[PDB]
């Protein structure tokens, strides 16, 4: 673990109350995030041992995700370097809250959503403002550019952001920083396809590739437009390739790999 400076305490700190943390520490408990001098602190009055400090200097990305009718509002921190987290470690920490006469009932559901969205949005801007000489901006998922896919087991929506491609609605969290990407390869694209798979190769060849599987064919051209828009070069093929073999070969002699034309072998 990379060493982190002590949090410097701040008058009363800006606060977001009644908030849960993911990944979860003991039992899941409601908590409280406070903005301080050089970072933020999470803690709960119901688990009085717990404390999670994150410095502005260790925040690579800050995301605000309003209720996209998954009945959850999220503020997400993608960290530069992982930090100790109970007896484990994490590179992502997020704070969330879930939603908990028909005319007036819907009035109230609407009010509750707007309330949570306002509280979380406001706090997110306060974090960016307080950590602004570290250059922090609030980034947000782009709803109309989202597409379905399976990066783990369950079908989830993956959203492009200004700098990233994320899935933070449910664990395991995915935050791909686009500038880290070397190449993308589209698998099982063939006449009559129902869905296809997307593979990300990173500029660091020791980093494992990321599979986003089972993307509906309705989203095939949209993903390509996304890749082009992100200046990520790509290829496509009918087969699922063995990336263990490929990345093993590449990491052994990357200089010869690029003298041989690099990822062009994926392009016929």
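Numbering follows the first chain given and starts at 1.
Unmodelled stretch separating residue 100 from residue 101: 10 or more residues (count of deposited-sequence residues without coordinates). Where residue 246 is followed by residue 247 in the displayed chain, the model omits none of the deposited residues that would sit between the two. As listed in the deposited structure, the average C-alpha B-factor of 147-155 and of 120-128 is greater for 147-155. When the C-alpha B-factors of 248-256 and 11-19 are averaged, 11-19 comes out higher. By the numbers in the PDB entry, the CA B factor is greatest at 67 among 67, 212, 209, 232. Reading the B-factor column for the CA atoms of 183, 95, 196, 85 in the entry, the top value corresponds to 85. The entry lists a Cα temperature factor for residue 29 that places it in the highest third of the chain's modelled residues.
Placement of the Cα temperature factor of residue 51 within the chain: highest third of the modelled residues, per the deposited record. Residue 140 sits in the middle third of its chain by CA B factor, as recorded in the PDB entry. Split the chain's modelled residues into thirds by C-alpha temperature factor. Residue 179 is in the middle one. Ranked by C-alpha B-factor against the other modelled residues of its chain, residue 162 falls in the middle third.
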